[PDB]
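**Q** target28.pdb is reproduced below (PDB, C-alpha atoms).
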```pdb
ATOM      1  CA  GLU W   1     -53.511-151.657 -47.238  1.00  0.00           C
ATOM      2  CA  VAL W   2     -55.990-152.456 -44.477  1.00  0.00           C
ATOM      3  CA  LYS W   3     -54.376-155.879 -44.132  1.00  0.00           C
ATOM      4  CA  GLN W   4     -51.055-154.139 -43.476  1.00  0.00           C
ATOM      5  CA  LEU W   5     -52.361-151.472 -41.092  1.00  0.00           C
ATOM      6  CA  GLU W   6     -54.466-154.069 -39.261  1.00  0.00           C
ATOM      7  CA  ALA W   7     -51.245-156.022 -38.700  1.00  0.00           C
ATOM      8  CA  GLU W   8     -49.258-153.021 -37.458  1.00  0.00           C
ATOM      9  CA  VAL W   9     -51.979-152.336 -34.889  1.00  0.00           C
ATOM     10  CA  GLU W  10     -51.633-155.880 -33.536  1.00  0.00           C
ATOM     11  CA  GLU W  11     -47.846-155.549 -33.385  1.00  0.00           C
ATOM     12  CA  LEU W  12     -48.057-152.220 -31.544  1.00  0.00           C
ATOM     13  CA  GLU W  13     -50.659-153.456 -29.052  1.00  0.00           C
ATOM     14  CA  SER W  14     -48.532-156.466 -28.115  1.00  0.00           C
ATOM     15  CA  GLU W  15     -45.405-154.409 -27.496  1.00  0.00           C
ATOM     16  CA  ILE W  16     -47.554-152.114 -25.333  1.00  0.00           C
ATOM     17  CA  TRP W  17     -48.929-154.957 -23.256  1.00  0.00           C
ATOM     18  CA  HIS W  18     -45.439-156.218 -22.439  1.00  0.00           C
ATOM     19  CA  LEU W  19     -44.201-152.748 -21.505  1.00  0.00           C
ATOM     20  CA  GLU W  20     -47.258-152.184 -19.334  1.00  0.00           C
ATOM     21  CA  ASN W  21     -46.418-155.435 -17.556  1.00  0.00           C
ATOM     22  CA  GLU W  22     -42.809-154.301 -17.144  1.00  0.00           C
ATOM     23  CA  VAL W  23     -43.887-150.873 -15.826  1.00  0.00           C
ATOM     24  CA  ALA W  24     -46.181-152.420 -13.199  1.00  0.00           C
ATOM     25  CA  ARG W  25     -43.340-154.672 -12.033  1.00  0.00           C
ATOM     26  CA  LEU W  26     -40.825-151.806 -11.921  1.00  0.00           C
ATOM     27  CA  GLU W  27     -43.217-149.590  -9.953  1.00  0.00           C
ATOM     28  CA  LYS W  28     -43.571-152.419  -7.436  1.00  0.00           C
ATOM     29  CA  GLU W  29     -39.817-152.898  -7.118  1.00  0.00           C
ATOM     30  CA  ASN W  30     -39.427-149.128  -6.724  1.00  0.00           C
ATOM     31  CA  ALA W  31     -42.141-149.099  -4.067  1.00  0.00           C
ATOM     32  CA  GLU W  32     -40.305-151.643  -1.928  1.00  0.00           C
ATOM     33  CA  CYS W  33     -36.822-150.143  -2.257  1.00  0.00           C
ATOM     34  CA  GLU W  34     -38.271-146.720  -1.411  1.00  0.00           C
ATOM     35  CA  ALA W  35     -40.138-148.009   1.642  1.00  0.00           C
TER
ATOM     36  CA  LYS A   1     -61.935-146.820 -42.624  1.00  0.00           C
ATOM     37  CA  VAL A   2     -58.275-146.798 -43.599  1.00  0.00           C
ATOM     38  CA  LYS A   3     -58.325-143.372 -41.969  1.00  0.00           C
ATOM     39  CA  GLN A   4     -59.529-144.659 -38.599  1.00  0.00           C
ATOM     40  CA  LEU A   5     -56.888-147.396 -38.429  1.00  0.00           C
ATOM     41  CA  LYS A   6     -54.262-144.773 -39.260  1.00  0.00           C
ATOM     42  CA  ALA A   7     -55.491-142.865 -36.208  1.00  0.00           C
ATOM     43  CA  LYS A   8     -55.220-145.931 -33.974  1.00  0.00           C
ATOM     44  CA  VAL A   9     -51.683-146.643 -35.190  1.00  0.00           C
ATOM     45  CA  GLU A  10     -50.581-143.084 -34.361  1.00  0.00           C
ATOM     46  CA  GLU A  11     -52.238-143.252 -30.946  1.00  0.00           C
ATOM     47  CA  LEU A  12     -50.585-146.595 -30.231  1.00  0.00           C
ATOM     48  CA  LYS A  13     -47.191-145.357 -31.473  1.00  0.00           C
ATOM     49  CA  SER A  14     -47.432-142.372 -29.155  1.00  0.00           C
ATOM     50  CA  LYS A  15     -48.458-144.539 -26.215  1.00  0.00           C
ATOM     51  CA  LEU A  16     -45.636-146.994 -26.933  1.00  0.00           C
ATOM     52  CA  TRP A  17     -43.043-144.257 -27.025  1.00  0.00           C
ATOM     53  CA  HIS A  18     -44.344-142.837 -23.720  1.00  0.00           C
ATOM     54  CA  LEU A  19     -44.054-146.315 -22.151  1.00  0.00           C
ATOM     55  CA  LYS A  20     -40.485-146.875 -23.338  1.00  0.00           C
ATOM     56  CA  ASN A  21     -39.477-143.594 -21.710  1.00  0.00           C
ATOM     57  CA  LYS A  22     -41.372-144.508 -18.541  1.00  0.00           C
ATOM     58  CA  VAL A  23     -39.706-147.938 -18.319  1.00  0.00           C
ATOM     59  CA  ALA A  24     -36.271-146.358 -18.870  1.00  0.00           C
ATOM     60  CA  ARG A  25     -37.033-143.837 -16.118  1.00  0.00           C
ATOM     61  CA  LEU A  26     -38.133-146.565 -13.693  1.00  0.00           C
ATOM     62  CA  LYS A  27     -35.052-148.673 -14.398  1.00  0.00           C
ATOM     63  CA  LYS A  28     -32.788-145.767 -13.508  1.00  0.00           C
ATOM     64  CA  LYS A  29     -34.790-144.871 -10.394  1.00  0.00           C
ATOM     65  CA  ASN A  30     -34.556-148.459  -9.180  1.00  0.00           C
ATOM     66  CA  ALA A  31     -30.851-148.757  -9.946  1.00  0.00           C
ATOM     67  CA  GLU A  32     -30.199-145.594  -7.960  1.00  0.00           C
ATOM     68  CA  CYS A  33     -32.502-146.569  -5.114  1.00  0.00           C
ATOM     69  CA  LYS A  34     -30.584-149.841  -4.822  1.00  0.00           C
ATOM     70  CA  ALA A  35     -27.627-147.470  -4.324  1.00  0.00           C
TER
END
```
Once more with this new file: its structure as structure tokens, please.

**A**
Amino acid sequence: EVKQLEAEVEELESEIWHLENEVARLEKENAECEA
Amino acid sequence: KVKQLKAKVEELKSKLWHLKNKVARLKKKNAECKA
């Protein structure tokens, strides 16, 4: 049970990290185009 | 314990969902800015 939940937490954190990277990049692109 | 992990999973799920909506919002803003 803990082995399963512990794994889901790792899966969720990795998806988050990639989205956070994508957000930062998109905010940059938006900054330029807006300027 | 198993309860704490459960709490982290729910917090991560909520954060992930927020990020997906943010990324989708930034993609549309950028597409429109690029007119």

**Q** Taking all atoms listed in the file into account, report as a list in words which residues of chain W lie within 6 Å of chain A.

**A**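 On the chain W side, the interface is residues 9, 16, 23 and 30 of chain W.
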
**Q** How many Å separate atom CA of residue W:17 from atom CA of residue A:4?

**A** 21.3 Å

**Q** Could you please determine the separation between atom CA of residue A:28 and atom CA of residue W:11 in Å, to one decimal place?

**A**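 Those two atoms sit 26.8 Å apart.
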
**Q** How many Å separate atom CA of residue A:14 from atom CA of residue W:6?

**A** 17.0 Å
